[PDB]
>>> print(open('model14.csv').read())   # CSV, C-alpha atoms
chain,number,residue,atom,x,y,z
A,115,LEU,CA,89.5,23.7,-60.1
A,116,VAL,CA,87.6,21.0,-57.7
A,117,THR,CA,89.3,17.8,-56.6
A,118,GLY,CA,87.6,15.2,-54.3
A,119,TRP,CA,84.4,15.5,-52.4
A,120,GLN,CA,83.6,18.3,-50.0
A,121,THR,CA,81.6,17.5,-46.9
A,122,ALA,CA,77.9,17.7,-47.3
A,123,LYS,CA,74.7,17.8,-45.1
A,124,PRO,CA,73.0,14.4,-44.8
A,125,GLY,CA,70.9,13.8,-48.0
A,126,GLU,CA,72.9,16.5,-49.9
A,127,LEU,CA,75.6,16.3,-52.6
A,128,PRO,CA,78.7,18.5,-52.5
A,129,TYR,CA,79.8,20.6,-55.5
A,130,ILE,CA,80.5,18.3,-58.5
A,131,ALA,CA,82.8,19.6,-61.1
A,132,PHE,CA,81.8,17.6,-64.2
A,133,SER,CA,84.8,18.3,-66.3
A,134,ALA,CA,85.0,15.5,-69.0
A,135,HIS,CA,82.8,12.8,-70.5
A,136,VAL,CA,83.6,9.9,-72.9
A,137,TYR,CA,80.9,8.0,-74.8
A,138,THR,CA,81.4,4.8,-76.8
A,139,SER,CA,78.9,2.3,-78.0
A,140,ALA,CA,80.9,-0.2,-75.8
A,141,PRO,CA,79.3,0.6,-72.3
A,142,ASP,CA,82.3,-0.5,-70.2
A,143,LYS,CA,84.5,2.0,-72.1
A,144,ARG,CA,82.3,5.1,-71.1
A,145,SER,CA,83.6,7.4,-68.5
A,146,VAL,CA,83.0,10.7,-66.7
A,147,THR,CA,85.4,12.9,-64.8
A,148,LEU,CA,83.8,14.2,-61.6
A,149,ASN,CA,85.8,16.2,-59.2
A,150,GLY,CA,89.1,15.3,-60.8
A,151,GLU,CA,88.6,11.5,-60.8
A,152,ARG,CA,87.5,9.3,-63.7
A,153,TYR,CA,84.5,7.0,-63.1
A,154,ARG,CA,82.6,4.2,-64.9
A,155,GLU,CA,79.0,2.9,-65.1
A,156,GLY,CA,78.4,1.3,-61.7
A,157,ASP,CA,80.8,3.3,-59.6
A,158,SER,CA,79.7,5.2,-56.6
A,159,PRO,CA,81.8,8.4,-56.4
A,160,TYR,CA,80.2,9.5,-53.1
A,161,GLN,CA,77.8,7.7,-50.8
A,162,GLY,CA,75.2,6.5,-52.1
A,163,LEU,CA,75.5,8.3,-55.4
A,164,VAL,CA,75.8,5.7,-58.0
A,165,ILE,CA,76.5,6.2,-61.7
A,166,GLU,CA,73.7,4.2,-63.3
A,167,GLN,CA,74.3,5.0,-67.0
A,168,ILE,CA,76.6,7.2,-69.1
A,169,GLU,CA,74.6,8.4,-72.2
A,170,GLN,CA,75.9,10.5,-75.0
A,171,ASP,CA,74.6,13.9,-73.7
A,172,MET,CA,74.1,13.2,-70.0
A,173,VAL,CA,74.8,10.9,-67.1
A,174,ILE,CA,72.1,9.3,-65.1
A,175,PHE,CA,72.8,8.8,-61.4
A,176,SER,CA,70.8,7.4,-58.6
A,177,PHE,CA,71.0,9.3,-55.3
A,178,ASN,CA,69.4,7.8,-52.3
A,179,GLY,CA,67.1,5.9,-54.6
A,180,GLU,CA,65.9,8.8,-56.7
A,181,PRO,CA,67.2,9.5,-60.2
A,182,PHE,CA,69.5,12.5,-60.6
A,183,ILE,CA,70.7,13.7,-63.9
A,184,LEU,CA,73.5,16.0,-65.1
A,185,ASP,CA,73.9,16.9,-68.7
A,186,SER,CA,77.3,16.4,-70.1
A,187,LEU,CA,79.7,18.9,-68.4
A,188,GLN,CA,76.9,20.3,-66.2
A,189,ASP,CA,78.3,20.8,-62.7
A,190,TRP,CA,76.2,20.3,-59.6
A,191,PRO,CA,76.4,23.5,-57.4
A,192,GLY,CA,75.8,21.4,-54.2
A,193,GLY,CA,72.7,20.6,-52.2
A,194,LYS,CA,69.8,18.1,-52.3
A,195,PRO,CA,68.8,17.2,-55.8
A,196,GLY,CA,65.4,18.3,-54.7
A,197,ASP,CA,64.8,21.9,-54.2
A,198,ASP,CA,67.0,24.4,-56.1
>>> encode(input="model14.csv", output="structure tokens")
Amino acid sequence: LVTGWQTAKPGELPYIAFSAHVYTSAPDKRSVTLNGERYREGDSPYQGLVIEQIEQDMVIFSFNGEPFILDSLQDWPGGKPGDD
């Protein structure tokens, strides 16, 4: 259903289809699937969205400094993680 990263206004994130999540005690073996691609802790799927940590029930990003959290399989509808 969503593959790749739609264009987005400055300071905003496009739609994020969060379709899969793998958690292991081993940190480097965690993964999330965002917009049809698999990512790891440390990766930046979109500028400057960084995957900070993959937890069991959520993933903790930073976006332009500020933390930004999605629960496991929780999509982002698009926008600034800010209002809503």
>>> residues_near_point(input="model14.csv", point="(77.9, -0.9, -61.8)", cutoff="6 Å", atoms="all atoms listed in the file", output="list in words")
residues 155, 156 and 157 of chain A
>>> write_last_selection(input="model14.csv", atoms="C-alpha atoms", output="PDB file, in the coordinates of the input")
ATOM      1  CA  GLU A 155      79.000   2.900 -65.100  1.00  0.00           C
ATOM      2  CA  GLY A 156      78.400   1.300 -61.700  1.00  0.00           C
ATOM      3  CA  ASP A 157      80.800   3.300 -59.600  1.00  0.00           C
TER       4      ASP A 157
END
>>> residues_around(input="model14.csv", residues="residue 160 in chain A", least_positions_apart="2", cutoff="10 Å", atoms="all atoms listed in the file", output="list in words")
residues 118, 119, 120, 127, 128, 157, 158, 162, 163, 164, 165 and 177 of chain A
>>> atom_distance(input="model14.csv", atom1="CA of residue 144 in chain A", atom2="CA of residue 170 in chain A")
9.2 Å
>>> atom_distance(input="model14.csv", atom1="CA of residue 116 in chain A", atom2="CA of residue 130 in chain A")
7.6 Å
>>> atom_distance(input="model14.csv", atom1="CA of residue 166 in chain A", atom2="CA of residue 183 in chain A")
10.0 Å
>>> closest_residue(input="model14.csv", among="A:168, A:174, A:122, A:159", to="residue 138 in chain A", atoms="only C-alpha atoms")
A:168
>>> residues_around(input="model14.csv", residues="residue 180 in chain A", least_positions_apart="5", cutoff="10 Å", atoms="only C-alpha atoms", output="JSON, numbers by chain")
{"A": [163, 175, 195, 196]}
>>> axis_aligned_box(input="model14.csv", around="range 183-188 of chain A", padding_each_side="3 Å", output="AutoDock Vina command-line options")
--center_x 75.2 --center_y 17.0 --center_z -67.0 --size_x 15.0 --size_y 12.6 --size_z 12.2
>>> closest_residue(input="model14.csv", among="A:154, A:194, A:143, A:123", to="residue 167 in chain A", atoms="only C-alpha atoms")
A:154
>>> closest_residue(input="model14.csv", among="A:124, A:117, A:131, A:176", to="residue 188 in chain A", atoms="all atoms listed in the file")
A:131
>>> closest_residue(input="model14.csv", among="A:187, A:178, A:169, A:125", to="residue 149 in chain A", atoms="only C-alpha atoms")
A:187
>>> closest_residue(input="model14.csv", among="A:179, A:173, A:190, A:115", to="residue 146 in chain A", atoms="only C-alpha atoms")
A:173
>>> build_atoms(input="model14.csv", residues="range 146-169 of chain A", atoms="N, CA and C atoms", output="PDB file, in the coordinates of the input")
ATOM      1  N   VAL A 146      83.132   9.279 -67.084  1.00  0.00           N
ATOM      2  CA  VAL A 146      83.000  10.700 -66.700  1.00  0.00           C
ATOM      3  C   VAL A 146      84.023  11.118 -65.733  1.00  0.00           C
ATOM      4  N   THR A 147      84.475  12.367 -65.807  1.00  0.00           N
ATOM      5  CA  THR A 147      85.400  12.900 -64.800  1.00  0.00           C
ATOM      6  C   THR A 147      84.591  13.859 -63.898  1.00  0.00           C
ATOM      7  N   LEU A 148      84.539  13.456 -62.623  1.00  0.00           N
ATOM      8  CA  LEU A 148      83.800  14.200 -61.600  1.00  0.00           C
ATOM      9  C   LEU A 148      84.769  14.494 -60.487  1.00  0.00           C
ATOM     10  N   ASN A 149      84.893  15.773 -60.187  1.00  0.00           N
ATOM     11  CA  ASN A 149      85.800  16.200 -59.200  1.00  0.00           C
ATOM     12  C   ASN A 149      87.230  15.661 -59.286  1.00  0.00           C
ATOM     13  N   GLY A 150      87.747  15.680 -60.521  1.00  0.00           N
ATOM     14  CA  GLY A 150      89.100  15.300 -60.800  1.00  0.00           C
ATOM     15  C   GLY A 150      89.405  13.806 -60.902  1.00  0.00           C
ATOM     16  N   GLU A 151      88.414  12.936 -60.687  1.00  0.00           N
ATOM     17  CA  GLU A 151      88.600  11.500 -60.800  1.00  0.00           C
ATOM     18  C   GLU A 151      87.673  10.959 -61.922  1.00  0.00           C
ATOM     19  N   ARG A 152      88.182   9.983 -62.639  1.00  0.00           N
ATOM     20  CA  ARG A 152      87.500   9.300 -63.700  1.00  0.00           C
ATOM     21  C   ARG A 152      86.651   8.137 -63.157  1.00  0.00           C
ATOM     22  N   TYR A 153      85.368   8.064 -63.517  1.00  0.00           N
ATOM     23  CA  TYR A 153      84.500   7.000 -63.100  1.00  0.00           C
ATOM     24  C   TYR A 153      83.790   6.286 -64.226  1.00  0.00           C
ATOM     25  N   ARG A 154      83.237   5.101 -63.923  1.00  0.00           N
ATOM     26  CA  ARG A 154      82.600   4.200 -64.900  1.00  0.00           C
ATOM     27  C   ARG A 154      81.122   3.969 -64.470  1.00  0.00           C
ATOM     28  N   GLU A 155      80.362   3.404 -65.385  1.00  0.00           N
ATOM     29  CA  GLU A 155      79.000   2.900 -65.100  1.00  0.00           C
ATOM     30  C   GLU A 155      79.148   1.918 -63.948  1.00  0.00           C
ATOM     31  N   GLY A 156      78.373   2.134 -62.894  1.00  0.00           N
ATOM     32  CA  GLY A 156      78.400   1.300 -61.700  1.00  0.00           C
ATOM     33  C   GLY A 156      79.073   1.832 -60.532  1.00  0.00           C
ATOM     34  N   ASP A 157      80.066   2.696 -60.732  1.00  0.00           N
ATOM     35  CA  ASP A 157      80.800   3.300 -59.600  1.00  0.00           C
ATOM     36  C   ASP A 157      79.935   4.189 -58.790  1.00  0.00           C
ATOM     37  N   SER A 158      80.282   4.271 -57.523  1.00  0.00           N
ATOM     38  CA  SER A 158      79.700   5.200 -56.600  1.00  0.00           C
ATOM     39  C   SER A 158      80.758   6.185 -56.183  1.00  0.00           C
ATOM     40  N   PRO A 159      80.754   7.398 -56.764  1.00  0.00           N
ATOM     41  CA  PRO A 159      81.800   8.400 -56.400  1.00  0.00           C
ATOM     42  C   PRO A 159      81.686   9.050 -55.029  1.00  0.00           C
ATOM     43  N   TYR A 160      80.566   8.857 -54.373  1.00  0.00           N
ATOM     44  CA  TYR A 160      80.200   9.500 -53.100  1.00  0.00           C
ATOM     45  C   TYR A 160      79.057   8.657 -52.581  1.00  0.00           C
ATOM     46  N   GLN A 161      78.821   8.610 -51.282  1.00  0.00           N
ATOM     47  CA  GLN A 161      77.800   7.700 -50.800  1.00  0.00           C
ATOM     48  C   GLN A 161      76.408   8.310 -50.871  1.00  0.00           C
ATOM     49  N   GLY A 162      75.332   7.569 -51.125  1.00  0.00           N
ATOM     50  CA  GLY A 162      75.200   6.500 -52.100  1.00  0.00           C
ATOM     51  C   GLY A 162      74.721   7.257 -53.319  1.00  0.00           C
ATOM     52  N   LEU A 163      75.679   7.808 -54.022  1.00  0.00           N
ATOM     53  CA  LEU A 163      75.500   8.300 -55.400  1.00  0.00           C
ATOM     54  C   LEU A 163      76.101   7.241 -56.229  1.00  0.00           C
ATOM     55  N   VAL A 164      75.335   6.742 -57.168  1.00  0.00           N
ATOM     56  CA  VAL A 164      75.800   5.700 -58.000  1.00  0.00           C
ATOM     57  C   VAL A 164      75.641   6.170 -59.474  1.00  0.00           C
ATOM     58  N   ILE A 165      76.649   5.919 -60.291  1.00  0.00           N
ATOM     59  CA  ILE A 165      76.500   6.200 -61.700  1.00  0.00           C
ATOM     60  C   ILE A 165      75.773   5.031 -62.302  1.00  0.00           C
ATOM     61  N   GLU A 166      74.524   5.275 -62.718  1.00  0.00           N
ATOM     62  CA  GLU A 166      73.700   4.200 -63.300  1.00  0.00           C
ATOM     63  C   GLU A 166      73.971   4.027 -64.783  1.00  0.00           C
ATOM     64  N   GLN A 167      73.917   5.091 -65.588  1.00  0.00           N
ATOM     65  CA  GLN A 167      74.300   5.000 -67.000  1.00  0.00           C
ATOM     66  C   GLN A 167      74.905   6.273 -67.568  1.00  0.00           C
ATOM     67  N   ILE A 168      75.928   6.116 -68.393  1.00  0.00           N
ATOM     68  CA  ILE A 168      76.600   7.200 -69.100  1.00  0.00           C
ATOM     69  C   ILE A 168      75.996   7.209 -70.503  1.00  0.00           C
ATOM     70  N   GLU A 169      75.245   8.253 -70.850  1.00  0.00           N
ATOM     71  CA  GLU A 169      74.600   8.400 -72.200  1.00  0.00           C
ATOM     72  C   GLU A 169      75.514   9.398 -72.956  1.00  0.00           C
TER      73      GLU A 169
END
